[PDB]
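Contents: one structure, followed by commentary.
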């Protein structure tokens, strides 16, 4: 049904081997209580500092892609204080983001955003 | 404080002693009322055990690697309701005591002095309850800085912290007032009515346990007096910087 | 047109006080559309008949309806207010009427004026929330009292519960006066302590809809 | 004949919430003969002037009956009621005014109706006997709890007096939820919790004197 397409980095041979097509996200809700859901309007691309991911050492096979985001706040978790829905914010996704920036909606910690 | 909070079990012991004290005056509406009153009195162990358990939880959250300016107060929030749980029962037992003592007056007490003085004792009991409720409404309001303090009057409750130190220190004497008043009340009740061995059986434990509680209240009073300045200084890191510390559900993000 | 108010009353073994029913009914009903109802529509028995309340008791029997309305067929929403006079029999019928609970959650959530007098205050026992918490936990009020109950008591489990209901919630409050007019009006909740307390309490409700 | 009512107030700095005075005075004054009184007759100070009330307080200054007479020359027997508007400066003046003790106990001795709302309620602390035993021990009434006092600024021992006063009073459980209206009537005394509680309270007094 409704799906949101997200590009994922693959960790192989310590660097320079990133590839894959964007993979679906199905029925993603806005769970957690400080993470807000955005209608992403723009995603900037940056060279991935892969070596930093490797020594940073998280164990994923797929890493989320896209971190420099601008968009409109769709909805917020209950503990959110600085942000309301329909608000227009911009921000950096964290390096250890759960969700890719190459996607039209995003769940992101609220203190990575600014109006 | 956790060690002194353990002393409340002595209050629980004397409350059970108070139950058997009432059972003793049954041979000596009151007949249904005493059993109903006793059944409500049995509930206290259930009511008060979370109070001490929650205070233990507060101690668990006050452990190091956590700033705990007001953060550890979230357990205090549970503790506040737990203290409310105690005092609800105390408020639950408050009118029940007043009538019961009147029915205890209905029991043969030829001497007017014992009858009048125990009415004064019940009034004193009402007073100790009243200061105790002042503490509970205070502490429940003190839990509001932990979560969503819309009022934001950081300066106000910095001063407010002193009030229980005064209330608690006076409460030590108020409990002593109960103790001394009860001492002759129990003694005279032991002296004239029969079943002296049962009278001694209830009176010795209630009198000693209330004296132990007065010791416990004195420990709380001395404790609060020494640590009162530390808590007021602890709450406010700096001028206008206390409110930033008390900002809701940012400190939790800050702990993360 | 004049506005509407619901008067709920006991048909149980304990019955209803005649003077409370008189005072609640007459002054309100000229300034309200008052409608009297009972669980199961059971006919009323008057307790505490005296020379003072007798003529109205026969006026009650002889006036056109005289058969109470169904309480379980009442949707509160057309009524501006809810009123319960002093009903010692509250425990079985009114304290267990889930329909009365549903009207209370309607009125509670709509913050509409509710007025309960004396023993009728025990009738609010049915109105817990979805959790065990009562809908008027946070509200400050009075109840009949232990002091009223112990005098001419007839104690059993049933006298125990009716005071017990206010007694359980510490956020709820109880004020004890033996035979005294006592009225509490706290934000659309009016509570009278006893049969004497009836006249200002419903006037306060009258003021609420004034 | 229509009855007279004594209004005692505090005429020391920031001495009267304006909206409370406006309601108490204007609605009471049509059904009572009011006489306003302060210690020493010092000029009145208004708290909580409002744009709706700015014209009306300028009219009150224009009004001839704006002077506050000395309180200790007052004979209570002419006044059928006593009415206290919400006045923040009572907490220094009136809570320590022995003459207010003399008139309240006078009101007590004939069981004559008393009305105190909000901050003025703390003036009832003053009615000490020779011993600590209060004249209004058995009465149930409301008052200002820690809630409104904490939410507003409360330094310089301004609400400390009131905090201590609550404790001495018994069977008088101050309501929580500061912003909510609260009126309590128990045997000739009506008491309002706050400035919001002003409107029904004297109406309840009005019902008292009806």
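Chains as they are written, first to last, in my numbering: chain A, 4 to 118; chain B, 2 to 257; chain C, 175 to 384; chain D, 175 to 384.
A virtual CB, placed ideally from N, CA and C, is assigned to each residue, including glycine.
Close to residue 122 (chain B), with beta-carbon spacing below 8 Å, lies no residue of chain D; the smallest spacing is near 14 Å. The shortest C-alpha to C-alpha distance from residue 193 (chain C) to any of C:357, C:228 and C:308 is the one to C:228. Judged by DSSP in its simplified three-state form, residue 226 (chain B) adopts helix. Residue 28 (chain B) is outside the set of residues whose beta carbon lies under 8 Å from a beta carbon in chain A.
Within 10 angstroms of the beta-carbon of residue 43 (chain B) lie fewer than 16 other beta-carbons, which makes it exposed. At a cut-off of 8 Å between C-beta atoms, residue 24 (chain B) does not count as an interface residue with respect to chain C. Residue 106 (chain B) is outside the set of residues whose beta carbon lies under 8 Å from a beta carbon in chain C. Spanning the alpha carbons of residue 140 (chain B) and residue 133 (chain B) requires a straight line of approximately 11 Å.
Counting only the Cα atoms, residue 18 (chain B) lies some 10 Å from residue 208 (chain B).
Spatial neighbours of residue 321 (chain C) in its own chain (CB-CB distance under 8 Å, excluding positions within 5 residues in sequence) are listed in chain order as 350, 351 and 352. Of the candidates D:343, D:185, D:326 and D:379, the residue whose Cα lies closest to the Cα of residue 125 (chain B) is D:343.
Assigned with DSSP and collapsed to three states, residue 307 (chain C) falls in coil, not helix or strand. The secondary-structure analysis by DSSP pairs residue 67 (chain A) across a beta bridge with A:11. Chain-ordered listing is empty here: chain D has no CB closer than 7 Å to the CB of residue 176 (chain C), the nearest sitting near 20 Å. One thing to note: residue 292 (chain D) has its Cβ within 8 Å of the Cβ of residue 369 (chain D). Interface criterion met: the Cβ of residue 84 (chain A) is under 8 Å from a Cβ in chain B. In the structure shown, residue 46 (chain A) adopts extended strand secondary structure according to DSSP, grouped into three states. Straight-line spacing of the CA atoms in residue 306 (chain D) and residue 213 (chain C) works out to 51 Å. Cβ-Cβ distances below 7 Å link residue 184 (chain B) to 208 in the same chain, with the five nearest sequence neighbours on each side left out; the list follows chain order. A check of alpha carbon separations from residue 362 (chain D) across D:382, D:331 and D:339 identifies D:382 as the nearest. Judged by pairs of C-beta atoms under 8 Å, the stretch 247 to 265 of chain D touches the stretch 196 to 212 of chain D, as three or more such pairs exist. For residue 361 (chain D), the neighbours in chain C by C-beta distance under 7 Å run, in chain order, 354 and 355. Within the stretch 33 to 48 of chain B, the residues whose Cβ lies closer than 8 Å to some Cβ of chain C are 33, 34 and 37, listed in chain order. Taken in chain order, the complete alpha helix (DSSP H) segments of 4 or more residues contained in the stretch 256 to 340 of chain D are 272 to 283 and 320 to 325.
Around the beta carbon of residue 106 (chain A), 16 or more other beta carbons lie within 10 angstroms, which makes this residue buried. Of the candidates B:54, B:96 and B:91, the residue whose Cα lies closest to the Cα of residue 76 (chain B) is B:54. By the rule that beta-carbons nearer than 8 Å mark a contact, residue 216 (chain D) does not touch chain B. By the rule that beta-carbons nearer than 8 Å mark a contact, residue 127 (chain B) touches chain D. Contacts between residue 142 (chain B) and chain D, judged by CB atoms closer than 8 Å, involve 320, 321 and 324 in chain order.
By the C-beta density criterion, residue 74 (chain A) is buried, having at least 16 other C-beta atoms within 10 angstroms.
Contact of residue 114 (chain A) with chain B by beta-carbon distance below 8 Å involves 254. For residue 28 (chain A), no alpha helix (DSSP H) segment is defined; the enclosing uninterrupted segment is the beta strand (DSSP E) at 26 to 29.
If you look at residue 182 (chain B), you'll find it isn't in any beta strand (DSSP E); it sits in the alpha helix (DSSP H) that goes 155 to 192.
Take the alpha-carbon of residue 65 (chain B) and the one of residue 36 (chain A): they are about 25 Å apart.
No Cβ of chain B is located within less than 8 Å of the beta carbon of residue 262 (chain D). Counting the other Cβ atoms within 10 Å of the Cβ of residue 287 (chain D) gives 16 or more, which makes it buried.
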